[PDB]
């Protein structure tokens, strides 16, 4: 319905938000390719290709190899944990690489391609951590603030070329990566109890917003950072 005739690439489509967005896009009629470290995770759900988003050459090769790209979703990311003194140089470099530099490359590859094919939509999954300080997320927040600034910079520069660039900034969403950090879904029951809404977000809730941004009806949004966080940053 809403994405028929659109060609989409979703980076880190193997699980969680990335996967939910790939599945939602396909449901709305998009031709979707899910790039991920573990394409077997997508066996029989969405077309998939192996991609390590840390690999610049592979990111440029994949995007430049596509015939047409209408929507690019950057869902790749890692959540280092720790306050200022717990954080290490290795945390810093790993997180800035995957959370921000990877997206830099993907946009470098995709935006000219898109501009030269008329237009497009780029959707970066950031985090509410870009705006809201919480304990033990020193490195993570810095990477995500960088990502939002980059989203807006790209949006301004390519607006005259028909390419929209936006970020979605989720709060705490129940994902496989969250479960392994918090120890299963009843590990999650504790923190879900602390939320205002007494529950955690769903990947589907984030995917539906991405569908909007990818759609023809999302075409007047650019340079925006959409917070979906259950009121946690209030």
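Residue numbers count along the first chain shown, from 1.
Undergrad: If you average the Cα B factors in the entry, which is higher, 50 to 58 or 177 to 185?
TA: Here the higher of the two C-alpha B-factor means belongs to 177 to 185.
Undergrad: Of 153 to 161 and 133 to 141, which one has the bigger average CA B-factor?
TA: Per the deposited B-factors, the answer is 153 to 161.
Undergrad: Going by the deposited entry, which of 190, 63, 206, 167 has the highest CA temperature factor?
TA: Result of the comparison over 190, 63, 206, 167: 190.
Undergrad: Could you tell me which one of 84, 114, 97, 78 shows the highest CA temperature factor in the PDB record?
TA: The listed residue with the largest C-alpha B-factor is 114.
Undergrad: By its CA B factor, does residue 227 count among the lowest, middle or highest third of the modelled residues in the chain?
TA: Bottom third by C-alpha B-factor.
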